[PDB]
Amino acid sequence: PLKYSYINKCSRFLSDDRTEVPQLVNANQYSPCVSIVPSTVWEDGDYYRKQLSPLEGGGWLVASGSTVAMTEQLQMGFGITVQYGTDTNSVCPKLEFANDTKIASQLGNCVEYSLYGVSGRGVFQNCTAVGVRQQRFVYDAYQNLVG
Amino acid sequence: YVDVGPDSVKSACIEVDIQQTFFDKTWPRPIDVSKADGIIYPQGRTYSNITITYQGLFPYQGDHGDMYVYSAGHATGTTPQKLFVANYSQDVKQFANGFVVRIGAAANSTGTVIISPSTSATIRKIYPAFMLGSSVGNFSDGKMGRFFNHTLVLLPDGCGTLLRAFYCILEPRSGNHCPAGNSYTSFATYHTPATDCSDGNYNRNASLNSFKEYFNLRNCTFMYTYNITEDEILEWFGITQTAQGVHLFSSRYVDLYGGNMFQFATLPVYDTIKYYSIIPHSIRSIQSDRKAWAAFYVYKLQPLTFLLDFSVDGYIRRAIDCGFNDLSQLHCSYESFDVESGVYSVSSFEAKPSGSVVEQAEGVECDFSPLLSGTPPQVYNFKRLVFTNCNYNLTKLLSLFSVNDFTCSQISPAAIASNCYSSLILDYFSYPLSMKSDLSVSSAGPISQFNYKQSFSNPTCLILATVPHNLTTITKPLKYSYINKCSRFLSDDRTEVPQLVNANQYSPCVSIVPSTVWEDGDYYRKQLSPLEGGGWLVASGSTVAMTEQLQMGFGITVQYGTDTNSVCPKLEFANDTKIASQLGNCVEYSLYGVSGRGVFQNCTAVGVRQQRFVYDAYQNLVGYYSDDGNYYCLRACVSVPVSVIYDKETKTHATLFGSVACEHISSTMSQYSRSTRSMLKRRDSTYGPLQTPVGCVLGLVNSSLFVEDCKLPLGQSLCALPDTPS
Amino acid sequence: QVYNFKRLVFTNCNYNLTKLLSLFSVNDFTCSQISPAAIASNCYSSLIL
Ligand SMILES: *[C@@H]1O[C@H](CO)[C@@H](O[C@@H]2O[C@H](CO)[C@@H](O)[C@H](O)[C@H]2NC(C)=O)[C@H](O)[C@H]1NC(C)=O
Ligand SMILES: *[C@@H]1O[C@H](CO)[C@@H](O[C@@H]2O[C@H](CO)[C@@H](O)[C@H](O)[C@H]2NC(C)=O)[C@H](O)[C@H]1NC(C)=O
Ligand SMILES: *[C@@H]1O[C@H](CO)[C@@H](O[C@@H]2O[C@H](CO)[C@@H](O)[C@H](O)[C@H]2NC(C)=O)[C@H](O)[C@H]1NC(C)=O
Ligand SMILES: *[C@@H]1O[C@H](CO)[C@@H](O)[C@H](O)[C@H]1NC(C)=O
Ligand SMILES: *[C@@H]1O[C@H](CO)[C@@H](O)[C@H](O)[C@H]1NC(C)=O
Ligand SMILES: *[C@@H]1O[C@H](CO)[C@@H](O)[C@H](O)[C@H]1NC(C)=O
Ligand SMILES: *[C@@H]1O[C@H](CO)[C@@H](O)[C@H](O)[C@H]1NC(C)=O
Ligand SMILES: *[C@@H]1O[C@H](CO)[C@@H](O)[C@H](O)[C@H]1NC(C)=O
Ligand SMILES: *[C@@H]1O[C@H](CO)[C@@H](O)[C@H](O)[C@H]1NC(C)=O
Ligand SMILES: *[C@@H]1O[C@H](CO)[C@@H](O)[C@H](O)[C@H]1NC(C)=O
Ligand SMILES: *[C@@H]1O[C@H](CO)[C@@H](O)[C@H](O)[C@H]1NC(C)=O
């Protein structure tokens, strides 16, 4: 980027032009003020305003931003999060299964396991097939895997 | 970007006539929660026949939904004419934690054409279209629902066997009857069955192209398609949004028969949805070829708790909305669909609150002129202003400076501005912003070690700010200065006693330190008096360069009280229209900034007079003196206890309101308990309330029978008989 | 820019994040509710960056 930049203001002016209320960003979501802010901030302290319609509840959207000088090598940041699902846990590290043994039946002992990233320890048995298909995991009222 | 295919052959569109009065119908469809209608299956797990409670987004049991019906447009004779559609294009709704819909439930039945209802045509399922996005606004003709940026588009295309979805930018068209044209009425889409959906060649692009005739796609970033096959059976569908993106659900893929939702698909879009609307559509079919279509419905979702009856086959078959009734509350508490017969307690009524009155005031604007001129103090020299009896508007003060640091411990900053107090105290000082890293109310920096501290017994706030170029009556210190040490030497010349500053007090070392520190690292000493046991006062300090604009800080604390609360925000009492002496049964109130709710009564005037309020041994307000010379007593307000008689043998119930008596009873309650009490009304809509010696009851019937044991005694001699066995 | 975020999500897939990490020089790596090593070895319904 020409300069690194960010929004340092995002609030709505009350229609009576005195009172004002801030609009803090929602976790994991874009702030609403992005609708008026330019893709980069052209100059430090740049600001913009939008009149708001009675459909919008009135007032003026107000926003501003600030900048930081560019560098010879780009500097970057990342955010990383993960989500644990139940039958959707298909994201994994590449498998190390090569040069091992056939799985998973042993029957056998109550062997440690992971299925689609769901860890546990236990023994398996030939069973019927209660409800319901394609949910993969089955649980009791006590939050213990049943099968 | 996405290969949506070619732009429309013309910018022109078919004219749209609004025929909405033809479409007004009353065909409500309340949710059969007992049938698990509209239930979304839990994510990723399944169960045996055990019943478990669960929490998630769900429809309300009593919701009748919103109804929309698609219909044929105008055609006459053997050919198509102009569209005749509903005004649904104007129905913008806020997104509200998703929704679910009912599609085709009226299949294999007959109804009417609606636009030409005399035909009495048989009805068949038709699939809905929608648009979602973060903003809406006026069309250049002032029409409702124009959209901004990119929006979700969901449309069946041609026959229902194909479903499409997109994320793209719409563009208005200047053709006649189109959004940038000035002949525009309202947007609509259409299908033309005469050639569309040929049996050997279904027209997969039919609906998209009619959409394209009113808008030009730009920047399409996503597209999806899905495979569907025809089946007139009812299907459920819905939408939710999470930080993982939008999710789509349907009953068709897994539980076509039972209707349980499953997550059929997901979407990559992470833009938050703020608005939702239904896309209007019409059939271009020939006037003798018209076909009526089955009704379509929509239902809102909310994060409600439900009992769920899983089938041994893993389908949810029954569910209980816990908040639907007091009866439902009982089932949820016992985690079952069969509570043992008995009398049971249920939650009480809130007793019907009403609008506020206040007895605050009075006073004059708090003079804040000491801050408007001269040089502010060094960190150990603080100025203080005590404010009592006066009115304020702190935002007026905020306009005078640029604030570079705002923080408030133990109180929101909005509240401290709006709160009324026994006192308001402001400390103010010069402060370079180079030192702002060392200052917070909890900071370990030398500024707080030796120059200033605040008590935490009272809520506090802090402000750092600088002077605007038009505030030059305020002036700069030669240098900013601070004490970076304060201790006293012991008289024996081997040890030293540190002296951290006390909260809300000047450091003792100020008595020797100069009004400014002449040089960085300067130190000073004074011999201690013999009354102090001798030894030497010691202090040292440091400086910071002067800056182009003066930099300053503020400390704010407030003091709580009752009849001493004469410091308040400026107030306006117009159109209350009355305050104390106006009753009332439950009203909100504030007296001198003391909040509460209750009812007042004209009474005596126990002492001590003029002491403001009056309290019991448990610190609850008892009553209050007023400037009308009248003592008011306060009873707070009185809640109504509730209980329920339940007869599982006949599956019937009845209720008791306790000691409250039927004189405060009304057919509906604003007081309030649970969203409905209609289950009682199933018999009691037709009868008056009945007073009993214990209390007023509903649906009891005064039989005057004498029975030795009801197994449902109401206490005293009261006894509710079960109706006779089946 | 920080108000312009780009997001990647991953489902159904296999990874070796240390090979990804080799492409940049990291001067700050921290995490919460997970060790920085375990986030690479744990399996998930999604991975979000
Ligand atoms: C389902 O749960 C019930 C618990 O109530 C188990 O008990 C049987 O339920 C059926 C259906 O109500 C009755 O007809 C039987 O008489 C019940 N058995 C007994 C001993 O009371 C039932 O075993 C469970 N089913 C499965 C497949 O686990
Ligand atoms: C599922 O949908 C896809 C497209 O969304 C279908 O794919 C093509 O469908 C046309 C329609 O006649 C065929 O002529 C093509 O040969 C199909 N392409 C293929 C099979 O690669 C597909 O037919 C649908 N149904 C399925 C997979 O059962
Ligand atoms: C009316 O439509 C319903 C679906 O809306 C039909 O229900 C299906 O009918 C078939 C044919 O007998 C059954 O095998 C299925 O079990 C039914 N349910 C499905 C597919 O979910 C019903 O038969 C139709 N009735 C008439 C008279 O046409
Ligand atoms: C998004 O919408 C806002 C108004 O809703 C508009 O000002 C902004 O330019 C849009 N962003 C685009 C078109 O990239
Ligand atoms: C335009 O938007 C405003 C904002 O609420 C709305 O009240 C009005 O009905 C719309 N149409 C016209 C023609 O002003
Ligand atoms: C037990 O498992 C085998 C395979 O391990 C399977 O073929 C069989 O169907 C199962 N038993 C029953 C009763 O289904
Ligand atoms: C037509 O649109 C209006 C919105 O202006 C809506 O309130 C009304 O319910 C619609 N239907 C009618 C008048 O039948
Ligand atoms: C969208 O189209 C516009 C046309 O002006 C172009 O500037 C932009 O790069 C496109 N964005 C894509 C293809 O993501
Ligand atoms: C004079 O001053 C010091 C204490 O400040 C002490 O030496 C002496 O006792 C004082 N004189 C009298 C009479 O107290
Ligand atoms: C009611 O209050 C007024 C003063 O506001 C007083 O004159 C009057 O005696 C009071 N009445 C009773 C019954 O206490
Ligand atoms: C109910 O019936 C008894 C029987 O004598 C009668 O005395 C009483 O007045 C009736 N009504 C009420 C409200 O109890």
# chains A, B, ... in the order shown; residues from 1 in each chain; ligands from 1

$ residues_around --residues "residue 37 (chain B)" --least-positions-apart "3" --cutoff "9 Å" --atoms "only C-alpha atoms" --output "ChimeraX atom specification"
/B:31-34,40,59,61,258-260,317-319

$ write_last_selection --atoms "N, CA, C and O atoms" --output "PDB file, in the first residue's frame"
ATOM      1  N   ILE B  31     -47.746 -22.467  13.827  1.00  0.00           N
ATOM      2  CA  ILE B  31     -46.846 -23.604  13.880  1.00  0.00           C
ATOM      3  C   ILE B  31     -47.299 -24.731  14.781  1.00  0.00           C
ATOM      4  O   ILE B  31     -47.513 -24.554  15.979  1.00  0.00           O
ATOM      5  N   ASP B  32     -47.344 -25.930  14.226  1.00  0.00           N
ATOM      6  CA  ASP B  32     -47.660 -27.087  15.033  1.00  0.00           C
ATOM      7  C   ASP B  32     -46.392 -27.591  15.651  1.00  0.00           C
ATOM      8  O   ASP B  32     -45.793 -28.542  15.155  1.00  0.00           O
ATOM      9  N   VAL B  33     -45.971 -26.953  16.735  1.00  0.00           N
ATOM     10  CA  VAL B  33     -44.743 -27.362  17.386  1.00  0.00           C
ATOM     11  C   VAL B  33     -44.816 -28.799  17.887  1.00  0.00           C
ATOM     12  O   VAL B  33     -43.802 -29.491  17.943  1.00  0.00           O
ATOM     13  N   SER B  34     -46.028 -29.278  18.178  1.00  0.00           N
ATOM     14  CA  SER B  34     -46.245 -30.659  18.545  1.00  0.00           C
ATOM     15  C   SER B  34     -45.871 -31.624  17.424  1.00  0.00           C
ATOM     16  O   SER B  34     -45.591 -32.787  17.682  1.00  0.00           O
ATOM     17  N   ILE B  40     -35.401 -26.883  13.351  1.00  0.00           N
ATOM     18  CA  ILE B  40     -34.104 -27.075  12.765  1.00  0.00           C
ATOM     19  C   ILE B  40     -33.382 -28.159  13.507  1.00  0.00           C
ATOM     20  O   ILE B  40     -33.265 -28.099  14.729  1.00  0.00           O
ATOM     21  N   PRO B  59     -38.695 -20.868  15.379  1.00  0.00           N
ATOM     22  CA  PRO B  59     -39.950 -20.148  15.223  1.00  0.00           C
ATOM     23  C   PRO B  59     -40.736 -20.136  16.526  1.00  0.00           C
ATOM     24  O   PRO B  59     -40.660 -21.093  17.294  1.00  0.00           O
ATOM     25  N   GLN B  61     -44.023 -20.803  18.657  1.00  0.00           N
ATOM     26  CA  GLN B  61     -45.148 -21.706  18.420  1.00  0.00           C
ATOM     27  C   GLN B  61     -46.411 -21.039  17.887  1.00  0.00           C
ATOM     28  O   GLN B  61     -47.123 -21.606  17.060  1.00  0.00           O
ATOM     29  N   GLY B 258     -40.688 -35.887   7.254  1.00  0.00           N
ATOM     30  CA  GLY B 258     -40.888 -35.253   8.565  1.00  0.00           C
ATOM     31  C   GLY B 258     -40.678 -33.738   8.632  1.00  0.00           C
ATOM     32  O   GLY B 258     -41.159 -33.089   9.560  1.00  0.00           O
ATOM     33  N   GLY B 259     -40.007 -33.167   7.642  1.00  0.00           N
ATOM     34  CA  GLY B 259     -39.793 -31.730   7.588  1.00  0.00           C
ATOM     35  C   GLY B 259     -38.647 -31.166   8.460  1.00  0.00           C
ATOM     36  O   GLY B 259     -38.522 -29.945   8.561  1.00  0.00           O
ATOM     37  N   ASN B 260     -37.808 -32.005   9.081  1.00  0.00           N
ATOM     38  CA  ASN B 260     -36.717 -31.440   9.883  1.00  0.00           C
ATOM     39  C   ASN B 260     -35.661 -30.795   9.007  1.00  0.00           C
ATOM     40  O   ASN B 260     -35.278 -31.355   7.984  1.00  0.00           O
ATOM     41  N   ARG B 317     -39.762 -35.504  16.451  1.00  0.00           N
ATOM     42  CA  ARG B 317     -41.180 -35.634  16.179  1.00  0.00           C
ATOM     43  C   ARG B 317     -42.026 -34.655  16.944  1.00  0.00           C
ATOM     44  O   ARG B 317     -43.066 -34.230  16.450  1.00  0.00           O
ATOM     45  N   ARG B 318     -41.578 -34.275  18.137  1.00  0.00           N
ATOM     46  CA  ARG B 318     -42.349 -33.321  18.931  1.00  0.00           C
ATOM     47  C   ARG B 318     -41.469 -32.305  19.607  1.00  0.00           C
ATOM     48  O   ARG B 318     -40.321 -32.592  19.937  1.00  0.00           O
ATOM     49  N   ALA B 319     -42.010 -31.133  19.888  1.00  0.00           N
ATOM     50  CA  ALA B 319     -41.219 -30.177  20.634  1.00  0.00           C
ATOM     51  C   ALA B 319     -42.088 -29.257  21.465  1.00  0.00           C
ATOM     52  O   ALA B 319     -43.265 -29.072  21.168  1.00  0.00           O
TER      53      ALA B 319
END

$ residues_near_ligand --ligand "ligand 8" --cutoff "12 Å" --atoms "only C-alpha atoms and all ligand atoms" --output "PyMOL selection string"
chain B and resi 1-3+149-150+167-170+217-222

$ write_last_selection --atoms "N, CA and C atoms" --output "short mmCIF file (atom, residue, chain, number, x, y, z; two decimals), in the first residue's frame"
data_model
loop_
_atom_site.label_atom_id
_atom_site.label_comp_id
_atom_site.auth_asym_id
_atom_site.auth_seq_id
_atom_site.Cartn_x
_atom_site.Cartn_y
_atom_site.Cartn_z
N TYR B 1 -14.24 -12.27 -13.02
CA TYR B 1 -15.36 -12.52 -12.14
C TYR B 1 -16.16 -13.72 -12.67
N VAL B 2 -17.32 -13.99 -12.09
CA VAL B 2 -18.16 -15.12 -12.48
C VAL B 2 -18.77 -15.05 -13.87
N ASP B 3 -18.76 -16.18 -14.59
CA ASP B 3 -19.36 -16.21 -15.91
C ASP B 3 -20.85 -16.43 -15.88
N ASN B 149 -24.39 -1.99 -3.02
CA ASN B 149 -23.20 -2.86 -3.07
C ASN B 149 -23.47 -4.18 -3.76
N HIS B 150 -23.34 -5.29 -3.04
CA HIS B 150 -23.59 -6.59 -3.60
C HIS B 150 -24.69 -7.21 -2.82
N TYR B 167 -23.96 -13.82 -5.80
CA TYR B 167 -23.59 -12.64 -5.03
C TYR B 167 -23.05 -11.64 -6.05
N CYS B 168 -23.80 -10.59 -6.33
CA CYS B 168 -23.39 -9.69 -7.40
C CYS B 168 -23.90 -8.26 -7.20
N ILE B 169 -23.38 -7.32 -8.02
CA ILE B 169 -23.90 -5.94 -8.01
C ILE B 169 -25.00 -5.73 -9.06
N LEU B 170 -26.20 -5.35 -8.62
CA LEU B 170 -27.28 -4.97 -9.54
C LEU B 170 -27.03 -3.63 -10.23
N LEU B 217 -26.00 -7.19 -14.37
CA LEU B 217 -25.09 -7.66 -13.37
C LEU B 217 -23.70 -7.05 -13.52
N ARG B 218 -23.06 -6.74 -12.40
CA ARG B 218 -21.69 -6.27 -12.41
C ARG B 218 -20.92 -6.95 -11.30
N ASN B 219 -19.65 -7.28 -11.53
CA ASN B 219 -18.83 -7.84 -10.46
C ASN B 219 -19.49 -9.04 -9.80
N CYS B 220 -19.84 -10.04 -10.59
CA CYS B 220 -20.45 -11.11 -9.85
C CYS B 220 -19.34 -11.88 -9.20
N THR B 221 -19.42 -12.11 -7.89
CA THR B 221 -18.32 -12.80 -7.26
C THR B 221 -18.65 -14.21 -6.89
N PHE B 222 -19.94 -14.54 -6.83
CA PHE B 222 -20.28 -15.94 -6.59
C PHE B 222 -21.48 -16.39 -7.37
#

$ residues_near_ligand --ligand "ligand 10" --cutoff "10 Å" --atoms "only C-alpha atoms and all ligand atoms" --output "JSON, numbers by chain"
{"B": [580, 581, 601, 602, 603, 604, 605, 626, 627, 628, 629, 630, 631, 632]}

$ write_last_selection --atoms "N, CA, C and O atoms" --output "CSV table (one decimal), in the first residue's frame"
chain,number,residue,atom,x,y,z
B,580,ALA,N,-45.1,14.1,41.3
B,580,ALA,CA,-45.6,13.6,42.5
B,580,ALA,C,-47.0,14.2,42.7
B,580,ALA,O,-47.2,15.3,42.2
B,581,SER,N,-47.9,13.5,43.3
B,581,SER,CA,-49.3,13.7,43.5
B,581,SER,C,-50.1,13.2,42.4
B,581,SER,O,-51.3,13.3,42.4
B,601,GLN,N,-48.5,7.3,48.0
B,601,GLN,CA,-49.7,7.6,48.6
B,601,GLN,C,-49.6,8.9,49.5
B,601,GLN,O,-48.6,9.1,50.1
B,602,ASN,N,-50.6,9.7,49.5
B,602,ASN,CA,-50.6,10.8,50.4
B,602,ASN,C,-50.7,10.3,51.9
B,602,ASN,O,-51.7,9.6,52.2
B,603,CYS,N,-49.8,10.6,52.7
B,603,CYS,CA,-49.8,10.1,54.1
B,603,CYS,C,-49.3,11.2,55.1
B,603,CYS,O,-49.1,12.3,54.7
B,604,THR,N,-49.0,10.7,56.3
B,604,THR,CA,-48.5,11.6,57.3
B,604,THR,C,-47.1,12.1,57.0
B,604,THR,O,-46.8,12.3,55.8
B,605,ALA,N,-46.3,12.3,58.0
B,605,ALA,CA,-44.9,12.8,57.7
B,605,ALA,C,-44.0,12.6,58.9
B,605,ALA,O,-43.5,13.5,59.5
B,626,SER,N,-41.7,16.0,50.0
B,626,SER,CA,-41.8,16.8,48.7
B,626,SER,C,-42.0,18.3,48.9
B,626,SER,O,-42.4,18.7,50.0
B,627,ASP,N,-41.7,19.0,47.8
B,627,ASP,CA,-41.8,20.5,48.0
B,627,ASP,C,-43.3,21.0,47.9
B,627,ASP,O,-43.5,22.2,48.0
B,628,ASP,N,-44.2,20.1,47.7
B,628,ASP,CA,-45.6,20.5,47.9
B,628,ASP,C,-46.1,20.4,49.4
B,628,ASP,O,-47.2,20.5,49.7
B,629,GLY,N,-45.1,20.1,50.3
B,629,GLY,CA,-45.4,20.0,51.7
B,629,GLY,C,-46.0,18.6,52.0
B,629,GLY,O,-46.5,18.4,53.2
B,630,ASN,N,-46.1,17.7,51.1
B,630,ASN,CA,-46.7,16.4,51.3
B,630,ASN,C,-45.8,15.2,51.4
B,630,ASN,O,-44.9,15.0,50.6
B,631,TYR,N,-45.9,14.5,52.5
B,631,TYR,CA,-45.2,13.3,52.6
B,631,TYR,C,-45.9,12.2,51.8
B,631,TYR,O,-47.1,12.0,51.9
B,632,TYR,N,-45.1,11.5,51.0
B,632,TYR,CA,-45.6,10.4,50.2
B,632,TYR,C,-45.2,9.1,50.7
B,632,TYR,O,-44.0,8.9,51.0

$ interface_residues --of "chain B" --to "chain A" --cutoff "8 Å" --atoms "only C-alpha atoms" --output "ChimeraX atom specification"
/B:43-48,50,52,137,243,270-272,311-315

$ residues_near_ligand --ligand "ligand 4" --cutoff "8 Å" --atoms "only C-alpha atoms and all ligand atoms" --output "PyMOL selection string"
(chain A and resi 34-37) or (chain B and resi 134-136+148-150)

$ residues_near_ligand --ligand "ligand 11" --cutoff "12 Å" --atoms "only C-alpha atoms and all ligand atoms" --output "list in words"
residues 661, 662, 688, 689, 690, 691, 692, 693, 694, 695, 696, 697, 698, 700, 701, 702, 703, 704, 705, 706, 717 and 718 of chain B

$ residues_near_ligand --ligand "ligand 2" --cutoff "7 Å" --atoms "only C-alpha atoms and all ligand atoms" --output "count of residues only"
3

$ interface_residues --of "chain C" --to "chain B" --cutoff "10 Å" --atoms "only C-alpha atoms" --output "PyMOL selection string"
chain C and resi 6-9+46-48

$ write_last_selection --atoms "N, CA and C atoms" --output "PDB file, in the first residue's frame"
ATOM      1  N   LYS C   6      -9.584  -9.421   4.188  1.00  0.00           N
ATOM      2  CA  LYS C   6      -9.753 -10.553   3.329  1.00  0.00           C
ATOM      3  C   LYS C   6      -9.719 -11.768   4.219  1.00  0.00           C
ATOM      4  N   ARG C   7     -10.615 -12.700   3.958  1.00  0.00           N
ATOM      5  CA  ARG C   7     -10.686 -13.888   4.776  1.00  0.00           C
ATOM      6  C   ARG C   7     -10.614 -15.140   3.957  1.00  0.00           C
ATOM      7  N   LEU C   8      -9.933 -16.129   4.498  1.00  0.00           N
ATOM      8  CA  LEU C   8      -9.898 -17.428   3.889  1.00  0.00           C
ATOM      9  C   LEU C   8     -10.493 -18.402   4.863  1.00  0.00           C
ATOM     10  N   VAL C   9     -11.226 -19.362   4.351  1.00  0.00           N
ATOM     11  CA  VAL C   9     -11.766 -20.378   5.212  1.00  0.00           C
ATOM     12  C   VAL C   9     -11.482 -21.674   4.557  1.00  0.00           C
ATOM     13  N   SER C  46     -13.407 -25.888  10.675  1.00  0.00           N
ATOM     14  CA  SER C  46     -12.885 -24.911   9.765  1.00  0.00           C
ATOM     15  C   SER C  46     -11.583 -24.358  10.252  1.00  0.00           C
ATOM     16  N   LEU C  47     -10.872 -23.785   9.314  1.00  0.00           N
ATOM     17  CA  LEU C  47      -9.669 -23.056   9.607  1.00  0.00           C
ATOM     18  C   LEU C  47      -9.876 -21.705   9.001  1.00  0.00           C
ATOM     19  N   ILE C  48      -9.658 -20.664   9.782  1.00  0.00           N
ATOM     20  CA  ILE C  48      -9.922 -19.334   9.284  1.00  0.00           C
ATOM     21  C   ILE C  48      -8.739 -18.428   9.406  1.00  0.00           C
TER      22      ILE C  48
END

$ select_by_dssp --residues "region 496-657 of chain B" --states "helix (DSSP H, G or I)" --output "VMD selection string"
chain B and resid 508 to 511 530 to 532

$ write_last_selection --atoms "N, CA, C and O atoms" --output "JSON list (two decimals), in the first residue's frame"
[["chain", "number", "residue", "atom", "x", "y", "z"],
["B", 508, "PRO", "N", 3.27, 15.33, 50.58],
["B", 508, "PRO", "CA", 3.90, 16.15, 51.62],
["B", 508, "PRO", "C", 5.09, 16.94, 51.10],
["B", 508, "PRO", "O", 5.26, 18.12, 51.44],
["B", 509, "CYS", "N", 5.80, 16.33, 50.14],
["B", 509, "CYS", "CA", 6.98, 16.95, 49.52],
["B", 509, "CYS", "C", 6.74, 18.26, 48.78],
["B", 509, "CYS", "O", 7.69, 18.99, 48.52],
["B", 510, "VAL", "N", 5.48, 18.58, 48.46],
["B", 510, "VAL", "CA", 5.16, 19.82, 47.79],
["B", 510, "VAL", "C", 5.64, 21.04, 48.56],
["B", 510, "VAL", "O", 5.94, 22.08, 47.97],
["B", 511, "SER", "N", 5.71, 20.94, 49.90],
["B", 511, "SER", "CA", 6.16, 22.06, 50.72],
["B", 511, "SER", "C", 7.59, 22.53, 50.41],
["B", 511, "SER", "O", 7.92, 23.68, 50.68],
["B", 530, "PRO", "N", 11.40, 18.91, 64.83],
["B", 530, "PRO", "CA", 11.59, 18.02, 65.98],
["B", 530, "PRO", "C", 10.30, 17.34, 66.42],
["B", 530, "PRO", "O", 10.34, 16.24, 66.96],
["B", 531, "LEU", "N", 9.14, 17.94, 66.13],
["B", 531, "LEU", "CA", 7.87, 17.29, 66.40],
["B", 531, "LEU", "C", 7.69, 16.02, 65.54],
["B", 531, "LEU", "O", 6.98, 15.09, 65.93],
["B", 532, "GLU", "N", 8.34, 16.01, 64.37],
["B", 532, "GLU", "CA", 8.39, 14.91, 63.42],
["B", 532, "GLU", "C", 9.50, 13.91, 63.75],
["B", 532, "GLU", "O", 9.68, 12.93, 63.02]]

$ residues_around --residues "region 344-361 of chain B" --least-positions-apart "6" --cutoff "7 Å" --atoms "only C-alpha atoms" --output "MDAnalysis selection string"
chainID B and resid 326 566 576 579:580 586:593 637:645 670:673

$ write_last_selection --atoms "C-alpha atoms" --output "PDB file, in the first residue's frame"
ATOM      1  CA  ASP B 326     -47.173 -21.300  31.893  1.00  0.00           C
ATOM      2  CA  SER B 566     -28.118  18.875  43.792  1.00  0.00           C
ATOM      3  CA  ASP B 576     -44.479  15.338  32.336  1.00  0.00           C
ATOM      4  CA  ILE B 579     -45.001  14.504  38.855  1.00  0.00           C
ATOM      5  CA  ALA B 580     -45.618  13.613  42.513  1.00  0.00           C
ATOM      6  CA  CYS B 586     -46.581   1.424  39.270  1.00  0.00           C
ATOM      7  CA  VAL B 587     -44.521   4.306  37.965  1.00  0.00           C
ATOM      8  CA  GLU B 588     -40.921   4.786  37.183  1.00  0.00           C
ATOM      9  CA  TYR B 589     -39.297   7.505  39.184  1.00  0.00           C
ATOM     10  CA  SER B 590     -36.242   9.462  40.040  1.00  0.00           C
ATOM     11  CA  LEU B 591     -35.893  11.813  42.944  1.00  0.00           C
ATOM     12  CA  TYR B 592     -32.742  13.851  43.107  1.00  0.00           C
ATOM     13  CA  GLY B 593     -31.121  11.201  40.900  1.00  0.00           C
ATOM     14  CA  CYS B 637     -45.641  -2.088  43.265  1.00  0.00           C
ATOM     15  CA  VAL B 638     -47.348  -5.361  43.962  1.00  0.00           C
ATOM     16  CA  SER B 639     -46.634  -8.490  41.797  1.00  0.00           C
ATOM     17  CA  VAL B 640     -49.268 -11.170  41.207  1.00  0.00           C
ATOM     18  CA  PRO B 641     -48.465 -14.828  42.163  1.00  0.00           C
ATOM     19  CA  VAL B 642     -49.727 -17.511  39.807  1.00  0.00           C
ATOM     20  CA  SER B 643     -50.379 -21.235  40.030  1.00  0.00           C
ATOM     21  CA  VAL B 644     -51.718 -23.935  37.756  1.00  0.00           C
ATOM     22  CA  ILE B 645     -53.991 -26.839  38.366  1.00  0.00           C
ATOM     23  CA  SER B 670     -50.314  -6.242  30.276  1.00  0.00           C
ATOM     24  CA  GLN B 671     -48.811  -7.016  33.641  1.00  0.00           C
ATOM     25  CA  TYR B 672     -47.321  -9.563  32.270  1.00  0.00           C
ATOM     26  CA  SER B 673     -46.408 -13.326  32.626  1.00  0.00           C
TER      27      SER B 673
END

$ residues_around --residues "residue 112 (chain A)" --least-positions-apart "3" --cutoff "7 Å" --atoms "only C-alpha atoms" --output "list in words"
residues 120, 121 and 122 of chain A
